[PDB]
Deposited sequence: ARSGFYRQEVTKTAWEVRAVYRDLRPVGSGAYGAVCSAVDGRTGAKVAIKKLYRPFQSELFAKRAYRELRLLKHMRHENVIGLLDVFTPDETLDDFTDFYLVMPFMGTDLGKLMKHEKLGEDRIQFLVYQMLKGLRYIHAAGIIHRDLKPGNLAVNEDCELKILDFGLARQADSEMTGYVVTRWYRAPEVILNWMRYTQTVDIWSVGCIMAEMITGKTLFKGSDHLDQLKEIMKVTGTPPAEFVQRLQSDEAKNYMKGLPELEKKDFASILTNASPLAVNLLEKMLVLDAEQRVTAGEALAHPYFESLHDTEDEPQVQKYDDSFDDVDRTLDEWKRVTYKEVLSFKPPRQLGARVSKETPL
């Protein structure tokens, strides 16, 4: 009395090298399939961009994603193995595909599926910080680091995803919630801290309903910042808001993270401070004694020039520049 049917029937056109296409995930900007590279035999992930040239905004974002992926060459940062288009000429150019190493899962699902002891947590945070140090050395800020953006394979190797293209705010720095200061690289550090805390205790550290509730939950732990920090804020609304907050003392992280080693508590105390200038950088965090047991952790990477991304272009010009990028691979 019933019949089965596939309802989403999207069509892919990929190089003959990649065999065994299998869906993995979807997204607003593209869909991902697993495949096997016939040459090396390695497992790869192929992302088909979702209508990249339906609008000038989508085209700009696809071009920036492509250039960011081409620029980064680090083991803890997702990179490009290949880029291709099935279209034969520029006038027919409508779809292009990105090829990346295949990661079995992301840290978000892993936190609910797997036991994460001290050693695996240490290694994962270690890889996060190395990838972040590489990204920051290139002058790029992730700005939206979360467990879903951290891919992990079977070897506990980690890669950062969706960087520079800026669930939503439990891992956002306080300067991102209120937009009260110019963003620095250390915003990503805050995210790591949150993630690391959630890795240790198994509970979201700062889980708020609305934005102001997020800041309430944050300052319950960090305490109110000194008035001097409030006077250096750029936003006037945030300044007036922080003025009228009742005084709150800093809570001891050992009481918060009851099942954390002293070194973990120390590193987290240096990561989760309200003033971004007082936060350790990725390199300083990597030098913490918490990572002493791991092999030593500057990257020589060219500064990323975003001027080419900000050139005002028509859709035809976006298609031509993206086509050149695709063919230049």
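Of the deposited sequence, positions 1-3, 170-180, 312-313, 346-361 lack any modelled C-alpha atom.
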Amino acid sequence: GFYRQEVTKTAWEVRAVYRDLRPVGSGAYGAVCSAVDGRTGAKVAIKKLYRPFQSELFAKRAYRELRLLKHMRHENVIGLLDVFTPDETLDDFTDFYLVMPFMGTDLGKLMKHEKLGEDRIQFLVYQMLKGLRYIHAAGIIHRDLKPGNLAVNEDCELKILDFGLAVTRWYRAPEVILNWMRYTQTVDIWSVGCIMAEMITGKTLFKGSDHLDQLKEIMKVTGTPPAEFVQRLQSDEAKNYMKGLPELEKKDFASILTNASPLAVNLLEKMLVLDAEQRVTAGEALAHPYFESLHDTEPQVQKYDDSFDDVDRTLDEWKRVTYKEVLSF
From here on, numbers count along this sequence of modelled residues.
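Taking the mean C-alpha B-factor of each stretch as recorded, 317-325 and 15-23 are not equal, and the higher mean is that of 15-23. The mean C-alpha temperature factor is higher for 239-247 when 239-247 and 74-82 are set side by side. Ranking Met271, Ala264, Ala287, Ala28 by Cα temperature factor from the entry places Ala28 first. For the set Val301, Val44, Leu69, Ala282, the PDB entry assigns the largest Cα B-factor to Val301. Compared with the other modelled residues of the chain, the Cα B-factor recorded for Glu228 ranks in the highest third. In the deposited entry, the Cα temperature factor of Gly104 places it in the middle third of its chain's modelled residues. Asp275: CA B factor lies in the highest third for its chain, per the PDB record.
For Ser191, the recorded CA temperature factor ranks within the lowest third of the chain's modelled residues.
When all modelled residues of the chain are sorted by CA temperature factor, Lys115 is found within the highest third.
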